[PDB]
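So the sequences go chain by chain: A and A'. A prime marks a further copy of an entry chain. Residue numbering for the first sequence follows the entry's author numbering, starting at 3 and increasing by one per position. Residue numbering for the second sequence follows the entry's author numbering, starting at 3 and increasing by one per position. The C-beta atom is built at its ideal place from N, Cα and C for all residues, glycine as well. Take a look at the structure below.
Protein chains: 2
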Amino acid sequence: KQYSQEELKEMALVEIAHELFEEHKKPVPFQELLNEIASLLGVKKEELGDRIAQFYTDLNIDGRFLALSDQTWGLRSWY
Amino acid sequence: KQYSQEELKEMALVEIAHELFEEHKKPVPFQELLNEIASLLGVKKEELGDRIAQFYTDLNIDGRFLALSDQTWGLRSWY
Ligand code: NI
Ligand code: NI
Numbered sequence: 003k004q005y006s007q008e009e010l011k012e013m014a015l016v017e018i019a020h021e022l023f024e025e026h027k028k029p030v031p032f033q034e035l036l037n038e039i040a041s042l043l044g045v046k047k048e049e050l051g052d053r054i055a056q057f058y059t060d061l062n063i064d065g066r067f068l069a070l071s072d073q074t075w076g077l078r079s080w081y
Numbered sequence: 003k004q005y006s007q008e009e010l011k012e013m014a015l016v017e018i019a020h021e022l023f024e025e026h027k028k029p030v031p032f033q034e035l036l037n038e039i040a041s042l043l044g045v046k047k048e049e050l051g052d053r054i055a056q057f058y059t060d061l062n063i064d065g066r067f068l069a070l071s072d073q074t075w076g077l078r079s080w081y
């Protein structure tokens, strides 16, 4: 990346998410984005709090992003 | 992993998917699973063909798996 933690700490979660996708180049579940973003800002996802519904909204507003129909799967023994 | 390509080539896609999740330990979009599985069998995803709706079905049948509500996102410039 071309951003420090301190630059990331100045960005909208949706601009962080955008650089992740440009690096990663893979679709990602919303919750995994939250984790990768929260780890790049060295906080706990829990702490993003009020920026979460903001982020969900921005992703929907901003034309660069698609919500894909593709189904997220996992193991029952993680929940 | 503890499987060769040749052992994987004998397994139901759903047992391959299960070992992926046990390694990876992350939720994954269905289509990314198809890619990781297709690359572990050195074929093109396209070639899994009739095993695809089989796999979708097995995931739904088999109690180890959850379909999570979490939304898959991506960039419009991949589609
Ligand atoms: Ni959008
Ligand atoms: Ni199931």
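{"Asked": "Residues in the region 17-28 of chain A' with C-beta within 9 Å of chain A's C-beta atoms, listed in sequence order?", "Found": "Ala-19, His-20, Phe-23, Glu-24, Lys-27, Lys-28"}
{"Asked": "If we ignore side chains and look at the alpha-carbon of each, how far apart do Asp-72/A' and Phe-57/A end up?", "Found": "14 Å"}
{"Asked": "What does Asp-72/A' touch in chain A if you count any residue whose Cβ is under 7 Å from its own?", "Found": "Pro-31, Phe-32, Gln-33, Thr-74"}
{"Asked": "Let me know the secondary structure DSSP gives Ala-69/A once reduced to three states.", "Found": "strand"}
{"Asked": "Please list, in chain order, all residues of the same chain as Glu-49/A whose beta carbon is under 8 Å from its beta carbon, the five residues on each side excluded.", "Found": "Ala-40"}
{"Asked": "Could you tell me whether any Cβ in chain A' is nearer than 9 Å to the Cβ of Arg-53/A?", "Found": "no"}
{"Asked": "Are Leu-43/A and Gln-7/A closer than 9 Å when you measure CB to CB?", "Found": "yes"}
{"Asked": "State the DSSP-derived secondary structure class of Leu-77/A, mapped to helix, strand or coil.", "Found": "strand"}
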